[PDB]
């Protein structure tokens, strides 16, 4: 597997090792892992490492919140693969009022009190920015168990749906939270098209590198929760080629989205619409894209 060249350069948060020990340690203490092999696999994935590659300009005293939130969403993402759509939906819906702080957790259930304590701690740190991450998380949670996953999709309809299932909007809100980067609604409206393009890049890069994992899951886990729903197989079907061939084509499409990103940002700036906040934001998106790809290329999660 050979990626075509990219002009995007990744960056990693300076505190990645100390924060990853802190956050890995918290989940190894509290989360219900089934056995030692699963604990080792959890550490091998490097979930705080992908968080620190996503948000390398996070404030030093906020990056750990983002590591915790992405880590617990990954752990849940993997649990849902053993559930039906209905079970998975019941599982996520329990957590939504708890995330809001509206329902207290059952403290004998780690996922509930981990979720409750985390969002309470983020609101204590910055209430307004924390509150802006909630509905984007819920939108993602609901997409994860959407029966649209078991229905035929074309490439266009898939990318529209995958924007939610890849958590693009929660990642943008979490990036802003992590950086203390406040943007007005008018500013956010200005970069809507840049966001949508970025979402496709994140989606398809993840699909390419995680395909062998997902293929294996689809054959071994729950026929609904584990269902293969990915651009790799949607393009392979549409073009009647192999998955390997579809990945080569999708990679080339990913570099076209990187070019489009650069063009859209250049236009924003030329029209005099790139504020200091927006400049930081679109550079932030570029780190998400290159950081996700660097982690995807190297994590044991996808290679074993």
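Positions refer to the first chain, counted from 1.
Of the two stretches examined, 74-82 and 147-155, the record assigns the greater average C-alpha temperature factor to 147-155. Here 291-299 and 276-284 are compared by their mean Cα B-factor, and 276-284 comes out higher. Residue set 215, 134, 172, 208: peak C-alpha B-factor at 134 (per PDB entry). Out of 226, 167, 180, 88, it is 180 whose C-alpha atom has the highest B-factor in the PDB entry.
Ranked by Cα temperature factor within the chain, residue 186 sits in the highest third according to the deposited record. When all modelled residues of the chain are sorted by CA temperature factor, residue 244 is found within the middle third. Looking at the C-alpha B-factors along this chain, the one for residue 63 belongs to the middle third. Sort the modelled residues of the chain by CA B factor and residue 51 lands in the lowest third. Sort the chain's modelled residues by C-alpha temperature factor and residue 57 lands in the highest third, per the entry.
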